[PDB]
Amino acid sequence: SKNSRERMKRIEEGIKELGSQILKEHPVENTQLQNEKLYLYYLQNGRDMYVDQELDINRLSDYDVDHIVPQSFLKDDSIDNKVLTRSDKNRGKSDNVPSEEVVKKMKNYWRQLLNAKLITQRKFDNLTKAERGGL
């Protein structure tokens, strides 16, 4: 729902806060960010959100756009409820938020993305909800 100019501005500022060279190694124009997988690729600094591994920018068609809170529970199809991951099977269980195993190993990177304004507090709260009960 974010306009391509607003999407480019959010990525450029967040990548700058990370000190990342991903925009230098993979240049992109604002209109290209209308693709949700490519937009999530830069929002995550080319990293998987559920596994400690890189995302291959040429393999985006093979990756999954996973809903943090499953759509059978929450009616939210925005970026605030989505991540790009190599396989949505790596989220843990399918009928819940990402598993506590994923939370403990990934929360520090999620925290860094939050401070860099690449995810919202609401998105960080839903990503880590397994360590507070789940659902």
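The numbering used is simple: start at 1 and walk along the sequence shown.
Look at the C-alpha B-factors of 46-54 and of 65-73. On average they run higher in 65-73. In this crystal structure, the stretch out of 23-31 and 101-109 whose C-alpha atoms carry the higher mean B factor is 23-31. Residue 16 sits in the highest third of its chain by CA B factor, as recorded in the PDB entry. For residue 85, the recorded CA temperature factor ranks within the lowest third of the chain's modelled residues.
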